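**Q** One structure coming up, written as structure tokens, with questions to follow.
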């Protein structure tokens with residue numbers, strides 16, 4: 001089997017991407033944030049505290065003939081941005097782009113943090129990291145990908161995120177028309193439950209490439225590119241007037257600037273992030289100070305190749321017995 005679904009930016013900045021997901025019988029379609037940095041499929045639901053729902057589409061398990069309460073199971077998650085959610089669990093039929101899993105754990109939110117409530121466009125998350133990170137207790141549950149894997153033509157999914165435009169998540173096949181050149185594959189460590197890999201270096205604009213190992217995670221659920229302070233300082237040093245602002249919470253730059261590109265290494269290959277991808281617009285409405293798309297990972301504890309980086313590439317998440325990651329230009 002295979003599946004193919006379009007993923008769409010939630011706003012003009014590509015702050016996140018939503019992908020329609022069919023849950024239950026008859027189908028209830030929710031727009032979920034596919035997140036390769038977590039492993040829970042959770043949704044706004046009929047059980048979510050009413051004051052914490054503001055415009056989202058909810059899953060109502062009582063209206064699904066295939067929903068079954070997973071007796072005794074609860075979940076609770078906290079994300080790197082400080083947001084969180086928790087609730088109980090059903091199993092139900094879940095389909096993504098024509099690919100169907102029966103018996104998928106669908107984690108129903110009873111509580112969500114303000115960040116989630118305030119974002120009307122995201123009806124939940126669909127985790128695509130390794131199932132060892134799944135938070136369901138007392139019986140840990142598998143991700144949608146893990147459940148689908150054995151049925152897929154090939155045990156892979158791909159992320160092809162657009163810049164200010166829709167893109168695609170495919171399951172079970174590699175669309176050879178979706179990228180240019182060849183895909184370069186690189187080793188993955190699953191020890192922390194993430195798609196963790198080591199970039200071979202970076203360049204700023206037309207500058208020379210610096211060969212240096214940068215361990216980080218491929219995370220579709222993080223907006224920006226978070227890298228070591230040395231790397232980030234070298235980037236922003238090439239932008240006149242750019243500075244790190246403690247009050248704002250990262251590097252800002254004059255909105256009048258033209259940003260240089262940023263290149264990262266994948267083995268001997270190179271992925272180029274155009275400068276425009278690094279512009280996240282005014283810090284507040286009407287400001288001439290703009291927020292940078294490359295930020296320091298210091299104090300996160302891990303480097304994160306988020307959407308800013310991933311959207312410059314066609315990315316293969318290879319869930320073979322020994323997982324790997326592939327990157328191609330596009």
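Numbering (the entry's author numbering), first residue to last: 1 to 330.
Where a beta carbon is used, it is the ideal one built from N, C-alpha and C, also for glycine.
(1) Taking 8 Å as the cut-off, decide whether the C-beta atoms of residue 198 and residue 215 are in contact.
(2) On a Cα-Cα basis, can you pick out the residue from 258, 243, 191 that is closest to residue 252?
(3) Can you tell me whether DSSP reads residue 195 as helix, strand or coil?
(4) Select from 289, 174, 36 the residue whose C-alpha is nearest the C-alpha of residue 307.
(5) Tell me, to the nearest whole angstrom, how far the beta carbon of residue 125 is from that of residue 33; I am working on the premise that it is less than 8 Å.
(6) Which runs of the beta strand (DSSP E) at least 3 residues long sit entirely within the stretch 9-81? Give them in chain order.
(7) Starting from residue 187 and walking both ways along the beta strand (DSSP E), at which residues does that stretch end?
(8) By a C-beta neighbour count over all protein chains shown, 10 Å radius and 16 as the cutoff for buried, is residue 176 buried or exposed?
(9) With a 10 Å radius around its C-beta and 16 neighbouring C-beta atoms as the bar for buried, classify residue 249 as buried or exposed.
(10) To the nearest angstrom, report how far apart residue 187 and residue 1 are at their CA atoms.
(11) Run through the stretch 268-296 for me and flag every whole beta strand (DSSP E) of 3 or more residues, listed as ranges in chain order.
(12) Report the residue ranges of all alpha helix (DSSP H) runs contained in full by the stretch 226-266; include only those spanning at least 4 residues, in chain order.
(13) For residue 16, count neighbouring C-beta atoms within 10 Å of its own C-beta (all shown protein chains included) and say buried if the count is 16 or more, exposed if not.
(14) Whose C-beta lies closer than 8 Å to the C-beta of residue 118 among residues of the same chain, with five residues either side of it excluded?
(15) Exposed or buried, which one is residue 295 when buried takes at least 16 other CB atoms within 10 Å?
(16) Roughly how many whole angstroms lie between the Cα atoms of residue 105 and residue 304?
(17) Short of 6 Å in beta carbon distance, which residues of its chain neighbour residue 193, apart from the five on each side in sequence? Order them along the chain.
(18) Can you tell me whether residue 132 is helix, strand or coil according to DSSP?
**A** This is what the structure holds:
(1) Residue 198 places its beta carbon less than 8 Å from that of residue 215.
(2) The option with the nearest alpha carbon to residue 252 is 243.
(3) Under the three-state reduction of DSSP output, residue 195 falls in the coil class, being neither helix nor strand.
(4) For residue 307, the nearest C-alpha among the options comes from 36.
(5) Residue 125 to residue 33, Cβ: 5 Å. Contact.
(6) Counting only runs that start and end inside the stretch 9-81, the beta strand (DSSP E) elements of at least 3 residues fall at 17-23, 28-35, 41-43, 68-78.
(7) Counting along the chain, residue 187 sits inside the beta strand (DSSP E) bounded by residues 184-187.
(8) When all chains shown are included, residue 176 counts as exposed.
(9) The residue in question, residue 249, is exposed, as its Cβ has fewer than 16 Cβ neighbours within 10 Å.
(10) Cα to Cα, residue 187 sits roughly 26 Å from residue 1.
(11) For the stretch 268-296, whole beta strand (DSSP E) runs of length 3 or above, ordered along the chain, are 269-273, 279-282, 289-292, 294-296.
(12) Annotation note: the stretch 226-266 contains the following uninterrupted alpha helix (DSSP H) runs of length 4 or greater, listed N- to C-terminal: 229-236.
(13) Result: buried.
(14) Within the same chain, residue 118 has close Cβ partners 54.
(15) By the neighbour-count definition (other C-beta atoms within 10 Å, threshold 16), residue 295 is a buried residue.
(16) Going from the Cα of residue 105 to the Cα of residue 304 covers about 27 Å.
(17) Within the same chain, residue 193 has close Cβ partners 129, 130, 132, 133.
(18) DSSP places residue 132 in helix when its eight states are reduced to three.
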